[PDB]
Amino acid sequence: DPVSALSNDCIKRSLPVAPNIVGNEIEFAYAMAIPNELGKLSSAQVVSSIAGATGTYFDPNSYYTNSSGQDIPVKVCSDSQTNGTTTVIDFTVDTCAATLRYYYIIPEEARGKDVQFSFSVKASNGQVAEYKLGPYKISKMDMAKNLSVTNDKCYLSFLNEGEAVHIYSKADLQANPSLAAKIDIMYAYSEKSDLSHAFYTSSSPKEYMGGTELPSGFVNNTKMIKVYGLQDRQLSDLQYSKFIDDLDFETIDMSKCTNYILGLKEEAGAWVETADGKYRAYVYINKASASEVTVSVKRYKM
């Protein structure tokens, strides 16, 4: 026999190796079952230990599996409601068994902390069940994906709050020359393909800059280590990848660093440490053509 009463089970769908980054979701599959002759499912709830950001919800579909292992969503609930730590959803369709997906959107206040979860269910015979998961570690990292870099949109800052990188333009600096003090890296493309796509910093040698000039006020001397083919599954969305996590930032050796990088291209990368040692980052080149580069960045505050 299986459980002769309301029962439950819950599995984290998000991968154990994948770091839990602010702004991203942690996804759970919460299964409930009651013998059909005893009653039907009434409601489900999750209480998180730190209130989720806006967008934390239960999807109202139960996901049943066909013979081929593919999902069949059936809309068995009304919309979820979240107040602070607690998300509740009501069944509006009679069923004895369902699996609902819960999405916790990681809030700024969880950065660097642990979060745990208590899932629970009610059925129409007055029975209840409960299932706890966690704690789970939330990363200190920030991440920004698929940002556009061009000869005009060329000034990378790793110093803004909550922003792994920000790309300032030449227009931004003409308007607000003070922004030059926040700039860590200047991108330039040269048609000499010994220079090609380049990252420069305050002390880059004039010899390797192919005519590019730093704006006045660009005084940060950023440390950089050029890499190729170091892929991160979150930054590149290509599978069988590994993940850069907090410990990798803590333990990267920045001794053998340089003050310029030449020949960037798709899949190239750069480990970065800002002038004052305040932040480290990894800049990944998703794509690069003569007229545009796309970058994605993880940043970690030391």
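Numbering starts at 1 and follows the sequence shown.
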{"item": "Higher-scoring stretch by recorded Cα B factor average, 98-106 or 203-211", "value": "203-211"}
{"item": "Mean C-alpha B-factor comparison - 18-26 and 286-294, higher one", "value": "286-294"}
{"item": "Maximum C-alpha temperature factor, selected from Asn61, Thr251, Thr56, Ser49", "value": "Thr251"}
{"item": "Top residue by Cα temperature factor, when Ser80, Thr92, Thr86, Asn151 are compared in the entry", "value": "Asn151"}
{"item": "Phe158, C-alpha B-factor rank within chain (lowest, middle or highest third)", "value": "lowest"}
{"item": "Third of the chain, ranked by Cα B-factor, where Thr274 sits", "value": "middle"}
{"item": "Third assignment of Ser42 from its chain's C-alpha B-factors", "value": "lowest"}
{"item": "Chain-wide C-alpha B factor ranking for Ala31, given as lowest, middle or highest third", "value": "lowest"}
{"item": "Ranked against its chain, the third holding the CA B-factor of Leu173", "value": "highest"}
